[PDB]
Every structure is written in structure tokens, then in C-alpha cells.
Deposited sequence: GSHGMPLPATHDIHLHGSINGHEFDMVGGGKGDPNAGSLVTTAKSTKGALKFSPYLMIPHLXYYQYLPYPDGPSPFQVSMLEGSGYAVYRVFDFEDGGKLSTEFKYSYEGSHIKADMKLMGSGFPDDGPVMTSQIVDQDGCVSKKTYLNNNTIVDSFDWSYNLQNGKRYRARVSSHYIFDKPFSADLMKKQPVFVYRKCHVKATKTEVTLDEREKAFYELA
């Protein structure tokens, strides 16, 4: 079935310091929306809690003409993994790996994040981030079981400026895609992240809308 609820476990290190967060949420796979809450298990985070965004489930994402490949993967009892690399404008780098397990309509996500190079006086380490702009991702097919995308992410800072990152994503599926499915590309997805956070807990309310053309 399509997902209804999920658990999340984020862990790894940022600038050489380990962090760990656990939580979960729920979503509407018909609307492409979801909510996720994560709480630290090692006390206050040493970096902006917003760095955990957009990391806080494309299994909730439908396409204009039916379930997305991500949803079909879950429905058919298959699976996929997610790999991303964030190249921040000030030298910071963040690499991520997401793995999932399914139990009925409940998803369990294990997310490993490794970040480094964030200036100690930068927006991340000094928690200057206050929001993030809506964003459009571009998805295309690579090989026969991989979807690749790119997006230019931008956080909003207290001073009104923006903090940017060039992002690349690779979604690797355990089962190959059909020939007709691969004819439908690129696929664009507009997403907006509404966040509420503290030094120990972060909550994301994500909205998504995919389109082939406008």
C-alpha cells in the first residue's frame, strides 16, 4: 500500500562532530504532503537545525498521471536508495544516504549524513538560517534503474540574504524501469518546506507538486 506513517533516524557527523536524531511523522500520498519531526538524542545540535532540511520520503509523491516511480516501488514490494551531495556556496559539503524498510503503510528511514567544511562563522554553524525558498528539482533517467536530479537549494538568512547549495541526487532502484516509463522525462517537482525548530527538535511540513510541462 501507499505510505501513511514513517519513522526517521538521522545520524552522522558535521564538521567532525557526531549528531543523532530520531522521530517520524505521517503524510498524504495523494497530496504529496508530509510532516516529520526529529529530536536529538545527544543534546543541543552544534549547527543550525535547518541543516536537517530537506532531509526530514518520495513515497508520498504522486505524479500528474498516476503514482510516481517512488510510490510504485513501494507498492510492488520493491525498493530504492537515495544518495545526495550538497555543494554549498561557502565551501561546505554534505553527502547523504537514505535507506528504507517497509511494514504495510509504515516506512522506516535510516539517514546517514556526513558534512564538512562549514566555516565556524558561517550561517550554518552560527544558526543564521530562518527559512528556505520554494524549490524545483529536475528528474531524468540514467541507466535502467536510476533517477537523477539536480536542484539549486537556497536557505533564507536572518539578514535577508540567501545561503545556496548546488545539489545532485541519485535514486537507485532494486528493479529496472519499463521502457515506456522512461520516455516521460524530465519530470519537475516544486516543493516548499515549512519548518519549526529549536536546538533539539525540528519539524517539517513539506508540500510537493510534480509536472512534466506547464
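Comparing the deposited sequence with the modelled residues, the stretches lacking C-alpha coordinates are 1-5, 62, 221.
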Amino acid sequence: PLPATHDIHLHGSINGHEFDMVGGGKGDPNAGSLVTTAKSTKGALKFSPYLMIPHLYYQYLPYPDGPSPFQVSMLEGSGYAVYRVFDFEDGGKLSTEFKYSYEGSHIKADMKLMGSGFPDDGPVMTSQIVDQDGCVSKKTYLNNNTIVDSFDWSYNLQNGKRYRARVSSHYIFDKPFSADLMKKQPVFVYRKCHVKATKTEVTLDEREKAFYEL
From here on, numbers count along this sequence of modelled residues.
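Stretches compared: 167-175, 38-46. Higher mean C-alpha B-factor in the entry: 38-46. The deposited model assigns a higher average Cα B-factor to 140-148 than to the other stretch when 140-148 and 90-98 are compared.
Highest CA B-factor among 154, 68, 158, 33, as stated in the entry: 158. Looking at the C-alpha B-factors along this chain, the one for residue 194 belongs to the middle third. For residue 55, the recorded CA temperature factor ranks within the lowest third of the chain's modelled residues. In the deposited entry, the Cα temperature factor of residue 110 sits in the middle third of values across the chain's modelled residues. Per-chain ranking of the deposited C-alpha B factor places residue 24 in the middle third.
The deposited CA B-factor of residue 132 belongs to the lowest third of values across its chain.
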